[PDB]
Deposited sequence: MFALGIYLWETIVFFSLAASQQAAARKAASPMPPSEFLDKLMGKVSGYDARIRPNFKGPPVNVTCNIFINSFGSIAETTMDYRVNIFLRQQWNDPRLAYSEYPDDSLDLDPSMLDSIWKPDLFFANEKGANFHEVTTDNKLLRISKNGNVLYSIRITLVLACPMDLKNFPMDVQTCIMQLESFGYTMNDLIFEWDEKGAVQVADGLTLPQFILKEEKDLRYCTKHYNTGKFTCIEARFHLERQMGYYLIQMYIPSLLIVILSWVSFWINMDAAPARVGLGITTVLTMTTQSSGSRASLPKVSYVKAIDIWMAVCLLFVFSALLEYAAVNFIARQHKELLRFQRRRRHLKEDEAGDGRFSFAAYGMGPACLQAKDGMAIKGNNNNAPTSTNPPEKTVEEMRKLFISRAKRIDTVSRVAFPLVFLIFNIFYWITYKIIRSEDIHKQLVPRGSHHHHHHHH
């Protein structure tokens, strides 16, 4: 019979009185909007800005009894996105947008379908710049959790209620990678139900668990700083009398410990509180620092003054042979207490 574009103008026009500024079931029960998203892209998790951008589909389903039809034979319709302003749509927004936009390439990326009984499917495509607060206390060994919450804006709880559908509430695209994190397959789903001095506004959220990878920070920041500490211990096996050899090994080890730490401030984030990589790069500075102060003691005792010249030279060898075993044992005690308290947490 008549084409669907003319059939919807009969259904939504000034005939039949469909006003797009009044929600369905007016002065009655609230509207049960159900939602599910589909994540196309995900990433660029900035940590100075503390945000991440995501590229989603947003599928919304509700019921509208004013749009029920029976004369037209086909079981479903589709409104063109040009005529989309003549339909009541929920005023969904994201409570932590921090900037967002649509996509308008070659067509508005907006889909609208109307079933026969009046169920309405509405699917759009959004780029979000969502903000999640991050906790970089233990920086390589951290688990970040970045939420994504969907409030209503104008309609309160008694007029409009969001729901996650019980059939795949969050799907993720297949070949999706990240430069630093991995995305677990555990999506929490819970209500939040914001209160203001304006009213009870509904909101639903979805939590994403992010686990930071490790293999880069071991190879270039832990293991090289580990080897600089090992090169401090070889002063305790070099002779006592070789005075240019000991202190030439001394400061040039604390120089390369500073050079290791100074160049690595570009790759690390720029927060103003102490990390767990920063405790490692500061305690490993102290062992190189304490490995020279040992020799400042040995050089002073051996130079100190025949019977007494043999007694002091035997006491200075005693503090050497103690420090060969006892001081690498101290570093292993730190190395145990470090990795326990940053894998339990």
**Complete:** Note to self, deposited ranges with zero CA coordinates are 1-30, 336-396, 437-458
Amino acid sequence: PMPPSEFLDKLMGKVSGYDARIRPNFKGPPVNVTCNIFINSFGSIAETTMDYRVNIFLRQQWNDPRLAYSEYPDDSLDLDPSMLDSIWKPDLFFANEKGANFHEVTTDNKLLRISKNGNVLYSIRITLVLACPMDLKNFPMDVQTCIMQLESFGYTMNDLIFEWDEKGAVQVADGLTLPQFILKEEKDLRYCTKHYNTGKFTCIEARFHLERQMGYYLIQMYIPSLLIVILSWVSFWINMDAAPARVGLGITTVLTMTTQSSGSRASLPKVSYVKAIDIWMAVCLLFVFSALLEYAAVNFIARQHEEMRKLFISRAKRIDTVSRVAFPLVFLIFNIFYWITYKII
From here on, numbers count along this sequence of modelled residues.
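If you superpose the two forms and keep the largest set of C-alpha atoms that fall within 1.5 Å, you have the rigid core.
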**Complete:** With the rigid core as the fit reference, the stretch showing the greater C-alpha departure in 8 other deposited structures of this protein, 280-288 or 312-320, is 312-320
**Request:** Please work out whether 168-176 or 221-229 has the higher root mean square C-alpha deviation in 8 other deposited structures of this protein relative to the shown form, with the rigid core as fitting region?
**Result:** 221-229
**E306 not built in a third or more of the other entries** = yes
